[PDB]
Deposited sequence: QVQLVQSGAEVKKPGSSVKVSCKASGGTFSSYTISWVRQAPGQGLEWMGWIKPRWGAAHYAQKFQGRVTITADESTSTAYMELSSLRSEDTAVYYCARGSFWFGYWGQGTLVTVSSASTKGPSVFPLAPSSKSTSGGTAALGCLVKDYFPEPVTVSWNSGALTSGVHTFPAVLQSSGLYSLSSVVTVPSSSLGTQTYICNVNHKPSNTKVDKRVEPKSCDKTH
């Protein structure tokens, strides 16, 4: 079975360059084209261009002219997308796809994040009674967040991390519990941030 496997997620500062790889397996990519398509967070799809590794010919979307470089290594069945002079608007999941005009086969997508902000750690602030927990000013993504080390799954809403004006992410999480229990029940919120190795566990009291 034919499969396209992409390189791991990237974190880049503005002005830097990224090079994403896509390895084809099963099929001998001699008779095919490899395409690059990106998707910004809540956005749609944008075609960047393509390559036919057999004769090394590439084509690009005009808006990516001079910034994108698409190459391939026949021996490893691998296609590459290099994007230079990176901007915050370049933060997206970059997909590798096979076919020129229509794509049946896709890669898993490589997350690239352009941000001029360092790998700072989160800070947890408790919300007292419904009871919440706040995870403020961290970079990059992601953040684990389970209550009573996982026990309290019931009525838990973990909000996606919105970017702040500072350039730092902020996730929140809330649970809905009964008014009688509060006084007895020692409800805890636990958050793991692995890029900065923060394993903060916090307790909520009204």
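Residues of the deposited sequence lacking C-alpha coordinates, numbered from 1, fall in the stretches 130 to 139, 217 to 223.
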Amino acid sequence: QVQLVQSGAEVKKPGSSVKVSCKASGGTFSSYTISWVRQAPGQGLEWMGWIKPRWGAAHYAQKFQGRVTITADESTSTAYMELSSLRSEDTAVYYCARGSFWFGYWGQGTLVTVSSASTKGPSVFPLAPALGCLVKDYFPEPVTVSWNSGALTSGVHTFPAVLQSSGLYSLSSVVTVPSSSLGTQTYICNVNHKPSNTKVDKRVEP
From here on, numbers count along this sequence of modelled residues.
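When the C-alpha B-factors of 114 to 122 and 99 to 107 are averaged, 114 to 122 comes out higher. Between 16 to 24 and 178 to 186, the higher mean Cα B-factor belongs to 178 to 186. Considering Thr69, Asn148, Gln39, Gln62 together, the PDB entry gives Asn148 the largest C-alpha B factor. Compared with the other modelled residues of the chain, the Cα B-factor recorded for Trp50 ranks in the lowest third. Among the modelled residues of the chain, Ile34 sits in the lowest third by CA temperature factor in this PDB entry. Per the PDB record, residue ranking by Cα B-factor puts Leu134 in the middle third of the chain.
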